[PDB]
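Asks: how does the following fold in three dimensions:
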Amino acid sequence: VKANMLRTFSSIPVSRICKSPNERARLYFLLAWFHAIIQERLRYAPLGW
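Replies: Residues are numbered from 1 along each chain as shown. I have put the structure below:
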């Protein structure tokens, strides 16, 4: 999950994720965490998705 979130944070430009209402950053962090969780869950095929 750590590597996935680090990968999905460098992909998103800083300009979009920062220069906005100050609550956007927490929303993007939640989005990255959710994407990492559901992407890492795919490894355990029959028990996950």
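
Asks: and the gap between residue 10 and residue 17?
Replies: Going from residue 10 to residue 17 by CB to CB, to the nearest Å gives 11 Å. C-beta: built from backbone N, CA, C; applies to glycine.

Asks: and for residue 46?
Replies: 35 Å.

Asks: looking at those two, which is more packed in?
Replies: residue 17 (16 against 5; other CB atoms under 10 Å).

Asks: spatially nearest residue to the more buried one (excluding sequence neighbours)?
Replies: Taking CB to CB, 6 or more residues apart in numbering, and ignoring the residues beside it in sequence, residue 17 has residue 28 as its nearest neighbour in space, at 5.1 Å.

Asks: host element of that neighbour?
Replies: helix 24-40 (DSSP states H and E).

Asks: buried ones in that helix?
Replies: 28, 32, 36 (16 or more other CB atoms under 10 Å).

Asks: do stretch 9-27 as well
Replies: Buried, per 16+ other CB under 10 Å, within stretch 9-27: residue 17.

Asks: how near is the residue nearest to the spatial centre of the chain to residue 45?
Replies: Closest to where the C-alpha atoms of the chain average out (CA atoms, centre = their mean) is residue 32, at 1.1 Å. According to CB to CB, residue 32 and residue 45 sit 23 Å apart.

Asks: touching, the residue nearest to the centre of the chain and residue 8? I think so.
Replies: Yes - between residue 32 and residue 8 there is a contact under CB atoms under 8 Å: 4.7 Å.

Asks: residue 1 and residue 8: what is the separation?
Replies: 10 Å.

Asks: what is in contact with the two at once?
Replies: Common contacts of residue 1 and residue 8 (CB atoms under 8 Å, 6 or more residues apart in numbering): residue 36.

Asks: these two - which one has more neighbours?
Replies: residue 8 (16 against 12).
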